[PDB]
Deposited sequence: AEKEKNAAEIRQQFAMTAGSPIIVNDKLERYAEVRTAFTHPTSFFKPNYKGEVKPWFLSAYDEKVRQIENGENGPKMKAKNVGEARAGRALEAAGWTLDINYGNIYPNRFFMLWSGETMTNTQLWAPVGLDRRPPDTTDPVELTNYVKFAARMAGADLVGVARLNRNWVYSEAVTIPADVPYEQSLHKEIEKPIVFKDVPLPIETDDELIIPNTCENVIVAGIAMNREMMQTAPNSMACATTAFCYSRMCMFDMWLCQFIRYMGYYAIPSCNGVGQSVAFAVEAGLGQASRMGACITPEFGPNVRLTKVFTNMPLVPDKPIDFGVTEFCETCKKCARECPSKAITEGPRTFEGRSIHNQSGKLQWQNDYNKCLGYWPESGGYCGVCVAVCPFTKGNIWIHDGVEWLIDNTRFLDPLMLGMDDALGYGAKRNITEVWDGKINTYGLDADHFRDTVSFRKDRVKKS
């Protein structure tokens, strides 16, 4: 697999084509959060927050012995087990995605963490860096990234175009039990300050925050191929908790090396753009980053840092030309959210960032299918050529973290392929 990645390396430079209209995108505009898309009816006709309507459908399916919309389970017990696995997978994730910056798991400084307090006498986070050489730092941090659970890791200079103009967060002293009802919008700004810092008014990223480290966290193929049913939800959920652990582990390593580090999971900025600029894969018709190793069946998280690093090269292995003629995701999408048309610079709705050349999809149509189906769909990921019943999945092949030993050698790494 290291052969292929070297073979398809592009020359340096962001491969995302932009025009003079591009502006940073306010996070509240996503379909998950925006007032125009947030409320959806449940199966009884009651309008609720979309995830509560989705909950009602999960309950209905368990009672009716179903693993998904009009997909009968082996019995009620199997139906229950799939939703229990899904719910458990989210254990280390806040309110579906860890998006609030500098809250809960996503702290922008390590100072208050229990691990930092226990290690304080050693003073690793107070000691100036002993290594400033970006080549050695790139090798160290990528090794750490693999220890921390990334199946793929890449480095890019930070393109501020993909950092949200304003984040969705909560006030700092609001308890978890009130968080969903007290979400607010808060600017993310870049200033000449020593350290990432949050004021009452602003999330402040230092101008020295040069780089972004992007991690790919592989989902399980057997489970994703049950999309839109419950086991696809379960591999989604478990990987969100893997994302969170990656961010915390890697931020701590970077801090203990003498630099600062900002975790993010689904917050702070647009993961797909970062992942493309860092060479993990290419943008696709469905909108996901398609990787050679996993196709789009891989989750993304990222960490921002002033640690000196060597940027990776973007890769071109023909995804754009293949998506131009394929359209399989668009034809299988249960909500017709994915376009069959050509790429443009103009978003279809508020949910798209205009000003960048991409396939423009209707993400409110996507979200509408989630309460209907009682899950997170994923049919587009499941049918994509690059990616390649529920009783058979439960009785079938599994391995640690859902990884597959038939392909796990493809992500082996030596220094030569780290820097």
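Missing stretches, numbered from 1 on the deposited chain sequence and kept in order
Comparing the full sequence with the modelled residues, the uncovered ranges come out as 1 to 6, 395 to 430, 462 to 464.
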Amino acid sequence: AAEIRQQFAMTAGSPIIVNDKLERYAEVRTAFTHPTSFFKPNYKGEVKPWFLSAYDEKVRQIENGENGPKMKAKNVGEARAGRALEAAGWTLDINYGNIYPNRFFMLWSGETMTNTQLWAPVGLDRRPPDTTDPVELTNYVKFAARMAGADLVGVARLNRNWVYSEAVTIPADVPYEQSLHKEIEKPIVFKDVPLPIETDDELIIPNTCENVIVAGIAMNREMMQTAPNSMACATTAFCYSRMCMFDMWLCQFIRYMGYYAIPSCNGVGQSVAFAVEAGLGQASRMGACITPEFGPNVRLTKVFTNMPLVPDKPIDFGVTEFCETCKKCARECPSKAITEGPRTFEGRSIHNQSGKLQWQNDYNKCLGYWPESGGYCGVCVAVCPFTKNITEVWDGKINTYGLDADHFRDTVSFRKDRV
From here on, numbers count along this sequence of modelled residues.
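Going by the average Cα B-factor in the PDB entry, point out whether 26 to 34 or 352 to 360 comes out higher.
Comparing averages over the C-alpha atoms only gives 352 to 360.
Mind pulling up the entry and telling me whether 132 to 140 or 245 to 253 has the higher mean Cα temperature factor?
Averaging CA B-factors over each stretch, the winner is 132 to 140.
Choose from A87, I188, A337, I184 the residue with the greatest Cα B-factor as stated in the PDB record.
Top of the list by C-alpha B-factor: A337.
Member of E166, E222, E177, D93 with the greatest C-alpha B factor (per the PDB record):
That would be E177, according to the entry.
By its CA B factor, does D151 count among the lowest, middle or highest third of the modelled residues in the chain?
It belongs to the lowest third of the chain when residues are ordered by C-alpha B-factor.
Among modelled residues of the same chain, the CA temperature factor third for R80
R80: CA B-factor falls in the middle third of its chain.
Relative to the other modelled residues of the same chain, rank the CA B-factor of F238 and answer lowest, middle or highest third.
For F238, the deposited C-alpha B-factor lands in the lowest third.
Using only modelled residues of the chain, where does the Cα B factor of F294 rank: lowest third, middle third or highest third?
Its C-alpha B-factor belongs to the middle third of this chain's values.
Compare the C-alpha B factor of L403 with those of the other modelled residues in its chain, then answer lowest, middle or highest third.
As the PDB entry reports it, the C-alpha B-factor of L403 lands in the lowest third of its chain.
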